[PDB]
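K.L.:
Opening piece of a complex, kept in its complex position:
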Amino acid sequence: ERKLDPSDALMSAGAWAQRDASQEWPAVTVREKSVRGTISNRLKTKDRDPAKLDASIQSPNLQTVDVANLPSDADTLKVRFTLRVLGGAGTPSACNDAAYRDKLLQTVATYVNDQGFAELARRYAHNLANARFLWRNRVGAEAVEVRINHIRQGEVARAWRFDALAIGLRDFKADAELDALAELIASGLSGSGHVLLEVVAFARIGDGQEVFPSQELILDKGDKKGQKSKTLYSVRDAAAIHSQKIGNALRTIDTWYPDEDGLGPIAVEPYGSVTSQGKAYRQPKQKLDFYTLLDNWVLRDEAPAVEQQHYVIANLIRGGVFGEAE
Amino acid sequence: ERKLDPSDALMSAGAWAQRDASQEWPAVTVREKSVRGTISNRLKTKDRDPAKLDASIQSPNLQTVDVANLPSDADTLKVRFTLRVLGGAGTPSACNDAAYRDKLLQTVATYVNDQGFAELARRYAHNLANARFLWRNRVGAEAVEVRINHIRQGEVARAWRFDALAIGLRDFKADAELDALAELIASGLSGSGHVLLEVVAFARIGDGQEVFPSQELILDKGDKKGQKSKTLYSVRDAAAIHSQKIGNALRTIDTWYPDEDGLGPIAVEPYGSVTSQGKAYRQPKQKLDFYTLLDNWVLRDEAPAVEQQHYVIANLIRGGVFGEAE
């Protein structure tokens, strides 16, 4: 009775746009309209080999001429402007409604169950601290991923717009906010009251974000790389394709979701160490870890696999409902 | 006496064009002439593991390396413009005549019968509420399929043209119209009076539709995907081909018909829950369901299989005549 779905799939509510990096000077911070985009340059490298050898079986004449030579390739490394101190990241993340109304329903009884569970976990557990996870661990600008490293002051300006007009205009300073523990902020509770007005289906909400890392002049970045699968043979020159919008430098939405999908310290191992990206199987791509392994019971794919039969997770539900928000 | 046809086939009256998405700004809504098309971009993803794994025979060390690694792939996600709020869908659905005049007649007596049934169900049952199903559940813009999700205001402008000139010029707001129940609208009765003047063979009718979802800036879409059958080996990079017109992004007419083929809540199970696409065997492709199964008698292929002998369906005829409109 009431088996699991044969094929379930949920829409990514709480969506995310692309970023267009563009560079600015402070006290010209407010006038970010004619701020020019940052073209992915083409540096042309040469190096040595820091990648080690394979330790099984060798011939010793290889490695000397291996190390001594030059791996001189071209590398499309996006670089800042000459006389620009600030930065830019223009992303309208719009939050969809319907936290657990599905997109595929391989059994309608399971859909009535899961709508019952959005009714419970949206009726009982208020989304105050829930969206305080999706804001207080994404206003502290994990938005800006590797370019967050040693900013002077990375200022986030989450404007919010009905229309061409914009009413919710909240400004921040994301270096005054940690990335390991969410601390009590009033305006962060306003923004989480607004994502409260988003995920529980109250209003059209698209948060136009304009993050300004005030780091320095011509320094490098952390733009999202493309790939070199069957394109390292026709060109065979580039090795790091920093991906582009029309004439600018992307941050791919794929990276941009674990800026905000980094929610739960509700994992198995850590206490205040690691706040990973709230996923099915909770796997971070960096560490090659599997937080919340199969043998543990903190899977997303054990949260309705137990909750759809026995109704007990008890506030690890949030890392089993936010696995369904995206 | 009067057996069924050995091979019957009917033309898709009430035809449908392709969509060319193109992006705009509001208060420049009226001037959608030089509005640029939206090229299918190419993002490049790194994967994770959200898929559940098998329960028959395993070894628990496989997910350490699998859940570790990155089966990364390229995805051609069609993305909006930078500073464009609106959207676009330009489709001239033209309605052909001859609601049941066939295209193949494997027995002419069955053709005289079915022309008799278009004579009955077009003479007795007036197509007022019929085309009110093909309008009031397709002006509420199920036209725009997945991109309907959380629009600010998805405005449909069904212009209608004799010629280069256009007389029937009806404008809407498709967020004020549901997708589960058709409610009483006067201009919707004008448009259904016009499809009354279409399916009952009165005039040349091609409805140039211009739907404007006013959602946001650079957000994603729901353009119709192609396939990767024997093309995921020569290229072996892409995994979602968003199909193209000449330089734009399609919505394939195949998806575009169950925008308007979604007619009948005249199924077996639901009451006001599911308004599926009116088909033979009434099968929706999402849910893997078979509403109106073989053992039930709400098939299209039991509507002339009973009506061609015994003349009694009694107003479930509409889900057995609209199965013949397309």
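P.N.:
Structure's in. What do you need? Numbers count the residues shown, from 1 in each chain, chains lettered A, B, ... in the order given.
K.L.:
Can you give me the buried ones in the strand or helix carrying residue A:192?
P.N.:
Assigned by DSSP states H and E, residue A:192 belongs to helix A:186-199. Neighbour counts over helix A:186-199 (16 or more other C-beta atoms under 10 Å in any protein chain shown) mark A:188, A:189, A:191, A:192, A:194, A:195, A:196, A:197, A:198, A:199 as buried. In short, each C-beta sits where N, CA and C put it, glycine included.
K.L.:
go on, stretch A:70-78?
P.N.:
For stretch A:70-78, by 16+ other C-beta under 10 Å, it's A:73, A:75, A:76, A:77, A:78.
K.L.:
a markdown table for those residues, including distance to residue A:252 and secondary structure?
P.N.:
Below are the buried residues of stretch A:70-78 laid out as a markdown table (distance: C-beta to C-beta, whole Å; DSSP: H, G, I helix; E, B strand; the rest coil):
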| residue | distance to residue A:252 | secondary structure |
| --- | --- | --- |
| A:73 | 22 | coil |
| A:75 | 18 | strand |
| A:76 | 15 | strand |
| A:77 | 17 | coil |
| A:78 | 13 | coil |
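K.L.:
of those, closest to chain B?
P.N.:
Comparing the buried residues of stretch A:70-78 against chain B with C-beta to the nearest C-beta picks out residue A:76 as the nearest, at 13.3 Å.
K.L.:
So residue A:149 lies in a strand, does it not?
P.N.:
No: assignment of residue A:149 by DSSP: H, G, I helix; E, B strand; the rest coil gives coil, placing it outside any strand.
K.L.:
burial of it, as a residue count?
P.N.:
Residue A:149 has 10 neighbouring residues, counting by other C-beta atoms under 10 Å in any protein chain shown.
K.L.:
what's the nearest residue to it if we skip its chain neighbours?
P.N.:
Spatial nearest neighbour of residue A:149, chain neighbours left out: residue A:222 (7.9 Å); criterion: C-beta to C-beta, 6 or more residues apart in numbering or on different chains.
K.L.:
Now do the same contact list for the one you found.
P.N.:
Contact partners of residue A:222, counting by C-beta atoms under 8 Å, 6 or more residues apart in numbering or on different chains, are A:144, A:145, A:146, A:147, A:149.
K.L.:
here's chain C, drop it onto the model above:
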Amino acid sequence: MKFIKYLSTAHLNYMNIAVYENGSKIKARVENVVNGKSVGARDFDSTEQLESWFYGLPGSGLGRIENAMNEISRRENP
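P.N.:
If we add chain C to the chains shown above, we get the following:
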């Protein structure tokens, strides 16, 4: 197996021509210098031919390594 010198300052792809001799022929196994997985090789006569057709390919300088690499990687000889 009986390894000798390269062809002139790989890389540009982390890929190398990496000519090394056989007892009768000489293999030209276009390969990485890191973990070790190669792409298609080509077996032919001695070094006296290797520099001959290697110099017989178009481009100047590094482009001879690269066009030689694409020329070997669409090989005929297994």
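K.L.:
With chain C now part of the structure, what is the answer for the buried residues of stretch A:70-78?
P.N.:
For stretch A:70-78, the neighbour count (16+ other C-beta under 10 Å) marks A:71, A:73, A:74, A:75, A:76, A:77, A:78 as buried.
K.L.:
Distance check, the most centrally placed residue in chain C against residue A:73.
P.N.:
Note on chain C: the residue nearest the mean C-alpha position is residue C:17, at 3.1 Å, using C-alpha atoms, centre = their mean. Distance from residue C:17 to residue A:73, counting by C-beta to C-beta, to the nearest Å: 15 Å.
K.L.:
hang on, the earlier thing: tell me the one among the buried residues of stretch A:70-78 nearest to chain C.
P.N.:
When the buried residues of stretch A:70-78 are compared for distance to chain C (C-beta to the nearest C-beta), residue A:71 wins out at 3.7 Å.
K.L.:
can I assume the closest one is in contact with residue C:11?
P.N.:
Yes: with contact defined as C-beta atoms under 8 Å, residue A:71 counts as touching residue C:11 (3.7 Å).
K.L.:
Tell me the residues that contact both of these two, please.
P.N.:
Jointly contacting residue A:71 and residue C:11 under the rule C-beta under 8 Å, 6+ apart are residue C:33.
K.L.:
Show me what the helix holding residue A:192 is in contact with.
P.N.:
A:13-14, A:95, A:97, A:99, A:126-132, A:134-136, A:139, A:158, A:160, A:168, A:170, A:172, A:182, A:202-203, A:205, A:325.
K.L.:
what's the nearest residue to residue A:7 if we skip its chain neighbours?
P.N.:
Residue A:7 sits nearest to residue A:106 (C-beta to C-beta, 6+ apart), 4.5 Å away.
K.L.:
Would you mind stating the distance between the residue nearest to residue A:6 when sequence neighbours are not counted and chain C?
P.N.:
Leaving aside its sequence neighbours, residue A:6 sits nearest to residue A:106 (C-beta to C-beta, 6+ apart; 4.1 Å). Using C-beta to the nearest C-beta, to the nearest Å, we find residue A:106 at a distance of 41 Å from chain C.
K.L.:
what sits against residue A:106?
P.N.:
A:5, A:6, A:7, A:8, B:287, B:288.
K.L.:
at 10 Å what do you get?
P.N.:
By C-beta atoms under 10 Å, 6 or more residues apart in numbering or on different chains, the contact set of residue A:106 is A:4, A:5, A:6, A:7, A:8, A:9, B:286, B:287, B:288, B:289.
K.L.:
okay, now chain D:
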Amino acid sequence: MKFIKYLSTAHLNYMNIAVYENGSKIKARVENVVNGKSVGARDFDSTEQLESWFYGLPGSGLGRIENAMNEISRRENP
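P.N.:
So that you can see how it sits with the rest, here is chain D on the chains above:
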């Protein structure tokens, strides 16, 4: 004869793999879902092999159904 599930969302040709069991072996009769005329099948061991070599064929996703279909239709086993 003792019918079980498919292989993963036919079609793409109106053709299906349509695995169904025998009392000892398991037949994999590549067939239509309409009128019923099949193309060549293949008889082998249980489902534990069926998913094994079915996952052992190239391509990703639907191409495994298609390359499995072409692999069964040029059969060896009558």
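K.L.:
Same as before for the contacts of residue A:106, with chain D this time.
P.N.:
A:4, A:5, A:6, A:7, A:8, A:9, B:286, B:287, B:288, B:289.
K.L.:
could you dump these to CSV with distance to residue B:53, neighbour count and secondary structure?
P.N.:
Listed next are these as CSV, based on distance: C-beta to C-beta, whole Å; neighbours: other C-beta atoms under 10 Å in any protein chain shown; DSSP: H, G, I helix; E, B strand; the rest coil:
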residue, distance to residue B:53, neighbour count, secondary structure
A:4, 14, 15, coil
A:5, 16, 20, coil
A:6, 15, 11, coil
A:7, 15, 13, coil
A:8, 15, 18, strand
A:9, 17, 11, strand
B:286, 24, 15, coil
B:287, 24, 18, coil
B:288, 21, 15, coil
B:289, 26, 19, coil
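K.L.:
residue boundaries of the helices in chain C?
P.N.:
Under the criterion DSSP state H, helices of chain C are mapped to C:47-55, C:62-73.
K.L.:
what distance separates the helix holding residue A:192 from the centre of its chain?
P.N.:
The chain centre lies 19 Å from the centre of helix A:186-199; the measure is C-alpha atoms, centre = their mean, to the nearest Å.
K.L.:
And stretch A:13-33, what's buried?
P.N.:
Across stretch A:13-33, burial judged by 16+ other C-beta under 10 Å covers A:13-24, A:29, A:32.
K.L.:
can you tell if it touches chain B?
P.N.:
Yes: interface with chain B: stretch A:13-33 contributes A:13, A:15, A:16, A:17, A:18, A:19, A:20 (C-beta under 10 Å from any C-beta of the partner chain).
K.L.:
which among the residues you listed gets closest to residue A:117?
P.N.:
Distance to residue A:117 across those (C-beta to C-beta) is lowest for residue A:13, with 14.8 Å.
K.L.:
Surely that closest one is in contact with residue A:93?
P.N.:
No: Residue A:13 is beyond contact range of residue A:93, at 11.1 Å (criterion: C-beta atoms under 10 Å).
K.L.:
Could you tell me which of the buried residues of stretch A:13-33 belong to helices?
P.N.:
Short answer: those have none in helices (DSSP H).
K.L.:
Setting aside sequence neighbours, what's the nearest residue to residue A:32?
P.N.:
That would be residue A:24: by C-beta to C-beta, 6+ apart, it lies 5.6 Å from residue A:32.
K.L.:
Fine by me, thanks again.
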